[PDB]
Every structure is written in C-alpha cells, then in structure tokens.
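Here's a solo chain for you in structure tokens, the form deposited in one PDB entry.
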C-alpha cells in the first residue's frame, strides 16, 4: 500500500485559531504574493507530493458579538485571497501537482461554480479537486452576502441539492467525446450535447451547460464534515475524506465507520480514501525537536489563545483565573463540554488551545521517529494517506520532504514520483480519470442511460 501525501495550505497568514506568524522563519505573511505560492508549489511538485489543498473561509472573528483589535494586531482571521484564483495561477507553473480547493455549497451559485471548476480542470488537464464545505461559521458570512441564515439541520440538504445540479452540469450536459473539432467534419456532435433540467428545494436550472466534458469530468471530491450528517454526506459523495487528529484507536474507528457508510451507500469499501491530518516538528536529535517545538509556541502572543478560543467555540474565558475548574464557570455548558472538561482547569484548556488550536497535535522527533509515526498511523488506522498540516511555512513542508519522505520511500510506503497525470488516477489508484460507476455522479451520464 503506497500512501498518498498532500499539503494543507491557507490563502492567509494565520490559520486554525493559532497565530505563529511572528516566528522568524515563518513566511506566510507573504500569502498575497504569487511568488509565495509559486515557491510552495515547486517544493511540492519537485518532491512528488500528490496535491496542494487550499482551505477557505468567508467570515471573520466574533468575540462576544464584536471583532476586537487583537484580530488585526495579530492577523487572526483576515485578510485572505480567493483560493480558485490562487489555484488557477498555480496551473501555469505546475504540470503534475494536484490542486484542491474549498468551495461552499452554502454560498456559491452552482451554475457559475460548475463552469469555474470545469475551466480549472480543462486548463490543468485533470488535476483539480474540490473540498465540499457546507458549514463554516456561517453567521458572519451570511451578513456579508446579505442572505438569511440557513438552519444547520438544512445545510446538508442544501448541499445534496447542490451536488445533484453540478453532477448534471459536469456529467450529464456534454458527453465525453462530444467535441470533435474536425475542420473538414463537425465541431461537435449535436447528439451528444444535452439540455439539463433541475428543480430542487434550493436550486433550479434549465438549459445547456457552458463547459464541455473536462478531463476528469467531476473534480476529485474531498470532504471533512465530522457530524453524523456530515459523515453520511461524505460516505455518499466523498472520494477522499479528511480526518482531523485523534489517537490511533479513535482514528481506526472513524475509518471503519466511514468505510461501512460507503458500503451501505453501495460503494466498494476501498473506493473511498481516508487521509489524516498530520503535523510534525523534525530536528536531528529528539531534544532539538522538542526545543524547536517550544520556540514555535513561544512565538505566539499570549493574549491570542483566549480570543481565538471564544471565536471558535463561543466560550469566553478571559475573566477567570487559570486555576478555575471548568466545573466552576458562570455559564452552564452543553453536556459535551462538561464531559470534555471533566477534571481540567481554564489554564489547561487555554494552554492546549495555545499549542494547536483546531490543528492536529504535532509529532515531535528525529526524521526516523516521525517516519515511524507515519507508518504506525497508517497501519494502525487503515489510512490511505496524510494531509501535511504545517506549523511554519515553508519550513515545515521542506523538513518533511527532505528528511522524512526519503525514509518512507525506502520503506516502500511512499511513491517515488508521478505515475499518473490526473488527480483521480493518482489518488484512487486507477487508470480511469472519471468517477467510478458506483459513485452517485456517474448516474447522471447520458451515454450510460441517464435522463436528458
């Protein structure tokens, strides 16, 4: 089993509730220059990484109903760039690297979104993926768009309706061989160009699709929802599921559950790929790696943690002493919070948040120790790959590539280069660039008997 590796990026300086931008080796304060992205992409492509994944966000920080000064002083939330634009600009400087971007079913218009993603897939020759997001933090983003809030219980129903429409546009509107472009013959075969018809609870569309059938048809579908409804959505539509950090026995159960959901959806258990978020700090000795991790933590302003904790969870902890038990708060807590905080103090909670926010806890050690950790995760939890989540850029990515990946390649668990041109062929380990027949999007193909 050869594992796949991708890089997690954000088109902004800080991510995931942390703020290590002041670290002397951190360069992502330069996120708004193309040279930052060209350098990152060339590092990944020279190493044979399977893809770079661009996360996204639409909203901003909300601490007690306002956006406090510390959000600007430490660049906690803003500004950012549009990931589709970054992805498109990286097409020109890469040839094999996959490019994966977040796109929101809550805020995108499906018809223009389908044309945009298919245009990326044409120009890149089949290297595009889409991380399907439905939630976010939604409250700020909705006021930015002037649109009403969609209840949390309906967001995945809206996402289901969104998927049905983009499947019609990507798979049902133009047959794969419709374009002929023979100057002495036909431009296109009119019998292979179809009007679509869609009338759902949230979206409606009637008529032709702008873009013809792209090299992959549908971009590789990534998904990371962790709620019960979110895992059902991923088991039905996701080809690659991103899992956040957890102990090996918990990851193993999550993987088992997701494969079982895929099976209940009529898909082969191994036709869905599971990739875990993975962070590391690498140095030539274990003691130096521990010290290097401490220096990352020391680079974050101490006041950040309590602000970003309130933003991400809604719980404001600023007024309390660090020794205050989490049982003795003023507010009442969901049951979930009382179980997770059992025996902890405010200082415990903020110190843990300071260290990694919602990012995975890093594996800290020598190159061989980090490589051993990767193999134990993969064998212990039945994983198909890892999403590298850097703590400092570009250094965290360079360190992994230069010191860890060679050990993994020697051990036979990482590939040596690029043996397939499209993202789907490489990730799904097939010689077919289009969706599998047991995937829902395949049911919309006109050449296979779909309606209209």
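In this text, rigid core is short for the largest set of C-alphas that superpose within 1.5 Å between two forms. Positions refer to the first chain, counted from 1.
Just so it is clear, the following notes concern the form deposited with a small molecule bound, a form of the same protein that is not shown.
*Asks:* Can you pick the one in 327, 212, 318, 227 that has a heavy atom within 4.5 Å of the small molecule in the deposited complex?
*Replies:* If I apply the 4.5 Å criterion carefully, the residue I get is 227.
*Asks:* Going by heavy atom distances of 4.5 angstroms or less, which of 112, 206, 336, 323 would be at the interface with the small molecule in the deposited complex?
*Replies:* By the 4.5 Å heavy-atom cutoff, the listed residue in contact is 336.
*Asks:* Have a look at 166 to 174, 191 to 199, 130 to 138, 297 to 305 and name the one stretch with heavy atoms inside 4.5 Å of the small molecule in the deposited complex.
*Replies:* Contact criterion met by 130 to 138 only.
*Asks:* Can you work out whether residue 142 and the small molecule are in contact in the deposited complex, taking contact to mean some heavy atom pair no more than 4.5 Å apart?
*Replies:* Residue 142 lies outside the contact set for the small molecule.
*Asks:* Should residue 384 be counted as a contact of the small molecule in the deposited complex, where contact means heavy atoms within 4.5 Å?
*Replies:* Residue 384: no contact with the small molecule in the deposited complex.
*Asks:* Would you please decide whether residue 102 lies within 4.5 angstroms of the small molecule in the deposited complex, comparing each non-hydrogen atom pair?
*Replies:* Residue 102: yes, in contact with the small molecule in the deposited complex.
*Asks:* Spell out, yes or no, whether the shortest heavy atom distance between residue 244 and the small molecule in the deposited complex is within 4.5 Å.
*Replies:* Answer yes; at least one heavy atom of residue 244 falls within 4.5 Å of the small molecule in the deposited complex.
*Asks:* Do all of 45, 51 and 122 end up near the small molecule in the deposited complex, with near meaning a heavy atom within 4.5 Å?
*Replies:* No, because 45, 51 and 122 lack any heavy atom that approaches the small molecule to within 4.5 Å in the deposited complex.
*Asks:* After superposing the two forms on their rigid core, pick out the one entry in 112, 285, 206, 331 with a CA shift of 2 Å or more between the shown form and the other one.
*Replies:* So the only displaced C-alpha belongs to 331.
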